[PDB]
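The data below hold one chain only, encoded as structure tokens and taken in the form deposited in one PDB entry.
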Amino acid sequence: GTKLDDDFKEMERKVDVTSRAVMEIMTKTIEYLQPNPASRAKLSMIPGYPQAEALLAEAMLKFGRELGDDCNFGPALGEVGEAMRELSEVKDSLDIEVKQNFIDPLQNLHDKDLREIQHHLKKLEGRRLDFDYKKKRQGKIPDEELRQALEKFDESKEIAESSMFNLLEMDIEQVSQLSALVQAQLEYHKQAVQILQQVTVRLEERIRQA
């Protein structure tokens, strides 16, 4: 059949790579946010799920209490318990921020921008084929019909080129989205370090004393 310049074929390639990339990254990012396969289903809808930190906290508090204040390990449990609880929250933030500012954007890029292009390409193919066909039987079919056959094709290719070119041009917006992710992570870990140190002092205050 008729052929497309290497330039065209390249964009089409990068488009595919982008699409495929967006998909896996999206998945992996989630499996990252929620390793446990039971809690992702929530991030695949939205948190209506518990955090590991939460559950740990829940427990440390539970026993720290039961032990009592008379002891020394009992209170320390409540102390670290809170620390964990706090971390739990800092986490929910992270999950939500990443979902909203990284996953959703990508998801939209796949269902919006990319799907569009996919369509275009398919249309182009058909137009390509139809032409090749009507071409084979040139003498048989009226010139006008064959001319239109080509025009339709050219017309289609352009649309494809535009949609593809435009998506590939603004690719920096994906970089922006990457930054969107790394930002959300930072705020979290930074915020984490705060919580951790905050409790470290409280425990040192114990161990140091007796």
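Think of the rigid core as the biggest set of C-alphas that the two forms share within 1.5 Å after superposition. Only residues modelled in both forms are compared. We number the residues from 1 along the sequence you see.
Note that the form deposited in another entry isn't included here; everything after this is about it.
Of the residues listed here (121, 94, 106, 83), only one shifts its CA by 2 angstroms or more between this form and the one not shown after fitting on the rigid core, and it is 121. Put the two forms on the same core and the Cα of residue 60 is off by less than 2 Å between this form and the one not shown. Relative to the superposed core, residue 164 undergoes a Cα shift of 2 Å or more between this form and the one not shown. Core-superposed comparison between this form and the one not shown: CA of residue 151 displaced by 2 Å or more.
Listed in sequence order, the runs of at least 3 residues with C-alpha movement of 2 Å or more between this form and the one not shown, after fitting the core, are 1-4, 117-165, 167-170.
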